[PDB]
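All remarks here apply to the structure that follows.
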Amino acid sequence: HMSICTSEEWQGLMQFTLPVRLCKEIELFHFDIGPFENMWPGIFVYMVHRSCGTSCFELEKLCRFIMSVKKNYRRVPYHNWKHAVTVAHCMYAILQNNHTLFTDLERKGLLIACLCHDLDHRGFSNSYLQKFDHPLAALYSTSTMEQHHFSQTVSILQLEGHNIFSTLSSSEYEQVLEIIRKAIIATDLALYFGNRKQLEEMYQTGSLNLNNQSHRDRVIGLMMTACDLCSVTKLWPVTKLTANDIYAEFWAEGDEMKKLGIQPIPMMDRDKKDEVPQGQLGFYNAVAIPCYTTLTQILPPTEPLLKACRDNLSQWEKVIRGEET
Ligand SMILES: Cc1c(Cl)nc(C2CC2)nc1Cl
Ligand SMILES: [Mg+2]
Ligand SMILES: [Zn+2]
């Protein structure tokens, strides 16, 4: 079922060298991959090599894996290839700035989990699949798309010449697949609320312990949320342009619901565009600000993400007040 890259695609990626100018730029939390489309697969190779090393993965298998993953992201307005690389870049910036807190196996599993976290997204939410009793919802009762994204990741890894993790021992292979599974499932925002509440309690009571596996899993889960939502941490023009894509995707879902005779929620209704700024204020106060606040408490080097999120919240307030561009 997985689409496979052509020889020309992976061989082409093998010869790419990142321009020197961008090396200083890629290290920064606010970096926007937007203006460098041709370089996205190359940027991911670069990030894997800088975090793990050139010897970590067999270059040919890595390039084949990356180009087949790209091929399995769909032409949807938001949950696409650009999103995958954006999320992976945020993870790289988090991992770089907190490098030894994490094991070599965690750094490789997380960068891969980020690139694959929305694989084969169809442009439909878990709400749509569960309300219209789609077969995916029967198969995966909760975290429907996230279970699908993980199944797709394993399916790519099973393709001839794509198993980038085959050189790990039998124990490390099962360990990395678990790191990936947990990380991808954690991208379901429904799980985020409880995860952030549990982490805030652990941090406030002084019980949070990164040597404790269940605590590590939660910290990793919050990092996945922080990366998934990072369009809210970019410079305002970038954040605004990504919000346009977010809403284009939701509006297409809303259109499909309307065709089935079910009225969508206001956020998915293109005829309700005027409610977007109030909706964004709600999203930042309920989801993004608490997310980056808790992440900054646990990992102080991630503070630039919280600063940038606060700045964009401020910009959404300006939009509501009529002070826009
Ligand atoms: C990053 C992100 C996500 Cl996942 N969801 C939403 C929904 C309110 C439109 N907004 C943002 Cl800014
Ligand atoms: Mg997702
Ligand atoms: Zn995502």
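In the structure tokens, each chain is lettered A, B, ... as it comes, each chain's residues begin at 1, and ligands are numbered from 1 in order of appearance.
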| query | Which polymer residues have any atom within 8 Å of an atom of region 79-92 of chain A, counting only C-alpha atoms, with same-chain residues fewer than 4 positions away left out, as a PyMOL selection string? | reply | chain A and resi 26+29+32-34+37+40-41+44+47+51+70+73-75+96+110-112+114-118+121+123+223-224+227-230
| query | Looking only at the backbone, which of the residues in region 30-113 of chain A does DSSP tag as alpha helix (DSSP H), as a ChimeraX atom specification? | reply | /A:40-51,59-71,81-97,104-113
| message | Hey, which residues sit close to ligand 1? Say within 9 Å, counting only C-alpha atoms and all ligand atoms, and write them as a VMD selection string. | response | chain A and resid 189 228 to 232 239 to 240 242 to 243 246 to 247 250 267 to 268 276 279 to 284 287 to 288
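Using only C-alpha atoms, the protein and nucleic acid residues lying no more than 9 Å from region 197-212 of chain A, apart from those fewer than 3 places from it along its own chain, are residues 101, 192, 193, 194, 215, 216, 217, 218, 219, 222, 294, 297 and 298 of chain A.
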Could you save the residues just selected, with N, CA, C and O atoms, as a compact mmCIF listing (two decimals), in the first residue's frame?
# COMPACT_ATOMS: atom_id res chain seq x y z
N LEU A 101 20.17 15.24 27.72
CA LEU A 101 19.05 14.74 28.51
C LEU A 101 18.54 13.53 27.82
O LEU A 101 17.99 12.66 28.48
N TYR A 192 -3.16 15.43 25.01
CA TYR A 192 -2.32 16.49 25.51
C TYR A 192 -2.82 17.11 26.83
O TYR A 192 -2.01 17.36 27.73
N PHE A 193 -4.14 17.39 26.94
CA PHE A 193 -4.66 18.07 28.12
C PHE A 193 -4.31 17.35 29.42
O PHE A 193 -3.77 18.00 30.32
N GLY A 194 -4.54 16.04 29.48
CA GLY A 194 -4.21 15.21 30.64
C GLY A 194 -2.71 15.11 30.86
O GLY A 194 -2.23 15.17 31.99
N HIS A 215 7.82 9.14 33.45
CA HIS A 215 7.98 10.60 33.43
C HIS A 215 8.63 11.03 32.09
O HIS A 215 8.20 12.03 31.51
N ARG A 216 9.65 10.26 31.60
CA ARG A 216 10.33 10.55 30.32
C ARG A 216 9.32 10.52 29.18
O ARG A 216 9.36 11.42 28.33
N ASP A 217 8.45 9.50 29.17
CA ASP A 217 7.38 9.30 28.17
C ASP A 217 6.50 10.55 28.15
O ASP A 217 6.18 11.04 27.07
N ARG A 218 6.11 11.07 29.33
CA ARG A 218 5.28 12.26 29.38
C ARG A 218 6.00 13.50 28.87
O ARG A 218 5.44 14.31 28.13
N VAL A 219 7.27 13.66 29.26
CA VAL A 219 8.04 14.82 28.80
C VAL A 219 8.15 14.76 27.27
O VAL A 219 7.93 15.80 26.60
N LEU A 222 4.92 15.82 25.62
CA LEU A 222 4.74 17.27 25.58
C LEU A 222 5.61 17.90 24.49
O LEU A 222 5.19 18.85 23.82
N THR A 294 4.54 24.92 30.28
CA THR A 294 4.97 23.70 30.98
C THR A 294 6.28 23.18 30.41
O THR A 294 7.16 22.75 31.16
N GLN A 297 9.16 25.21 31.77
CA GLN A 297 9.44 24.86 33.17
C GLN A 297 10.31 23.61 33.23
O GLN A 297 11.30 23.58 33.97
N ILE A 298 9.97 22.57 32.45
CA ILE A 298 10.70 21.30 32.44
C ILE A 298 12.07 21.42 31.72
O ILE A 298 13.08 20.91 32.22
| field | Between CA of residue 308 (chain A) and CA of residue 235 (chain A), distance in Å (one decimal) | value |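 Calculated distance between CA of residue 308 (chain A) and CA of residue 235 (chain A) is 7.2 Å.
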| remark: Restricting to only C-alpha atoms and all ligand atoms, whichever of A:160, A:188, A:60, A:317 is closest to ligand 2 is A:188
| query | What does the distance between CA of residue 65 (chain A) and CA of residue 124 (chain A) come to in Å, to one decimal place? | reply |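 Pair CA of residue 65 (chain A) / CA of residue 124 (chain A) returns 25.1 Å.
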| task | Pick out the closest residue to residue 176 (chain A) from this set: A:109, A:19, A:77, A:161. Count only C-alpha atoms. | result | A:109
| field | Distance in Å - CA of residue 55 (chain A) versus CA of residue 164 (chain A) | value | 11.6 Å
| remark: Using only C-alpha atoms, the best pick from A:257, A:295, A:2, A:59 as closest to residue 153 (chain A) would be A:2
| task | May I ask which of the residues A:119, A:159, A:319, A:137 is the closest one to ligand 2, counting only C-alpha atoms and all ligand atoms? | result | A:119
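With only C-alpha atoms and all ligand atoms as the atoms that count, the residue of A:98, A:187, A:233, A:17 with the shortest distance to ligand 3 is A:187.
Within 12 Å of residue 155 (chain A), once only C-alpha atoms are used and residues closer than 3 positions along the same chain are dropped, the contacting residues are residues 1, 2, 3, 4, 65, 68, 69, 72, 116, 119, 120, 148, 149, 150, 151, 152, 158, 159, 160, 162 and 163 of chain A.
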| field | All residues 9 Å or closer to region 177-179 of chain A, only C-alpha atoms, same chain fewer than 5 positions away omitted, as a list in words | value |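 So, after excluding close chain neighbours, the residues are residues 105, 106, 109, 110, 113, 154, 172, 184, 217 and 220 of chain A.
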Let's have the selection written as an mmCIF file, in the first residue's frame, with N, CA, C and O atoms.
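Output contents, as saved in out_39.cif:
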data_model
loop_
_atom_site.group_PDB
_atom_site.id
_atom_site.type_symbol
_atom_site.label_atom_id
_atom_site.label_comp_id
_atom_site.auth_asym_id
_atom_site.auth_seq_id
_atom_site.Cartn_x
_atom_site.Cartn_y
_atom_site.Cartn_z
ATOM 1 N N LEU A 105 19.268 6.663 21.064
ATOM 2 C CA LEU A 105 18.082 5.977 20.567
ATOM 3 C C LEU A 105 16.853 6.913 20.588
ATOM 4 O O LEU A 105 16.040 6.860 19.667
ATOM 5 N N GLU A 106 16.742 7.771 21.612
ATOM 6 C CA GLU A 106 15.618 8.704 21.697
ATOM 7 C C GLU A 106 15.729 9.767 20.613
ATOM 8 O O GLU A 106 14.729 10.048 19.952
ATOM 9 N N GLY A 109 14.825 8.156 17.213
ATOM 10 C CA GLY A 109 13.426 7.774 17.185
ATOM 11 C C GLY A 109 12.517 8.982 17.081
ATOM 12 O O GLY A 109 11.561 8.959 16.326
ATOM 13 N N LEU A 110 12.843 10.050 17.804
ATOM 14 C CA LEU A 110 12.010 11.258 17.811
ATOM 15 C C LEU A 110 12.060 12.045 16.515
ATOM 16 O O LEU A 110 11.032 12.565 16.081
ATOM 17 N N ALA A 113 9.994 9.966 14.236
ATOM 18 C CA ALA A 113 8.590 10.055 14.650
ATOM 19 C C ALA A 113 8.016 11.368 14.132
ATOM 20 O O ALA A 113 6.920 11.341 13.597
ATOM 21 N N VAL A 154 5.555 1.988 10.152
ATOM 22 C CA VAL A 154 6.031 0.591 10.198
ATOM 23 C C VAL A 154 5.990 0.001 8.773
ATOM 24 O O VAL A 154 6.945 -0.662 8.364
ATOM 25 N N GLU A 172 17.089 -2.960 21.082
ATOM 26 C CA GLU A 172 17.087 -1.548 20.701
ATOM 27 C C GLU A 172 16.053 -1.258 19.602
ATOM 28 O O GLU A 172 15.461 -0.163 19.617
ATOM 29 N N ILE A 184 4.190 9.338 18.361
ATOM 30 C CA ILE A 184 3.142 9.587 17.360
ATOM 31 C C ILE A 184 1.764 9.643 18.035
ATOM 32 O O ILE A 184 0.989 10.552 17.746
ATOM 33 N N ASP A 217 8.445 9.497 29.170
ATOM 34 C CA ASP A 217 7.383 9.303 28.170
ATOM 35 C C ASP A 217 6.496 10.550 28.152
ATOM 36 O O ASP A 217 6.175 11.044 27.072
ATOM 37 N N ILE A 220 8.452 13.558 26.730
ATOM 38 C CA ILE A 220 8.545 13.326 25.273
ATOM 39 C C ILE A 220 7.188 13.657 24.606
ATOM 40 O O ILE A 220 7.160 14.307 23.553
#
| Selected residue, from A:277, A:304, A:264, A:221, that lies nearest to residue 128 (chain A) when counting only C-alpha atoms |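 Of A:277, A:304, A:264, A:221, the one nearest residue 128 (chain A) is A:264, counting only C-alpha atoms.
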